[PDB]
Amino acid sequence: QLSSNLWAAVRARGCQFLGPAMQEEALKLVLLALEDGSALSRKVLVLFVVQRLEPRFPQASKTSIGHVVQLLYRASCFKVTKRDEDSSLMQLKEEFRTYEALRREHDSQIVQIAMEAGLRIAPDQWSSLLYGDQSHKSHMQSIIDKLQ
C-alpha cells in the first residue's frame, strides 16, 4: 500500500522506478554511456541503455527507460545542448559522473516528489523501497535532512 501512492506520484510526473536491482543497473548504464562526456540525444541514450539492460531484465523498454531518464532530467543531472529544429543532446554534468553522486541526485528527486505529493515515508521505508534492504538508512535520512 505504501508503494502504490509513491509510484503513482512518480508516474504522474513522467518518471519511473523499475525496482532496486533494475534501477541500479539502468543508472550504471547511463554512466557507461555518459561518464566520458558523450553528448547523446534522448533517443540514443535510451537505445543504449535498453539494449544492455534487456538481457538481465527482459521487461526493459524504450518507454520505461525514458521514464528513468526523465527522473534525472527532473533532478537536473544533464547539461542540455539545445539545437535548432533537431533534438537536444544531453551530457552528464561533471559532478554526477559517479554512481553515488548520480544516485544521490536520483534518490533526492523521488523524495521531493513524495514531499510534493503530501506523503510521509520514514528512512527505513525509503531504504526498503529504493534498495531492497535496510543498509541505506542513514543515506536516506541524510537526503531528507537536506531537503527539509
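For clarity, a rigid core is taken as the largest C-alpha set superposing within 1.5 Å between two forms. In this text, residue numbers run from 1 along the sequence as written.
With each structure aligned by its rigid core, the stretch whose Cα atoms sit farther from this model in 5 other deposited structures of this protein, between 137 to 145 and 2 to 10, is 2 to 10. Per the PDB record, of the two stretches 108 to 116 and 39 to 47, 108 to 116 carries the greater mean B-factor over its C-alpha atoms. In this entry, 75 to 83 has the higher mean Cα B-factor, the comparison being between 30 to 38 and 75 to 83. The PDB entry assigns the greatest CA B-factor among 56, 62, 103, 97 to 56.
Set against one another, the Cα B-factors of 122, 68, 89, 92 in the record reach their highest point at 122.
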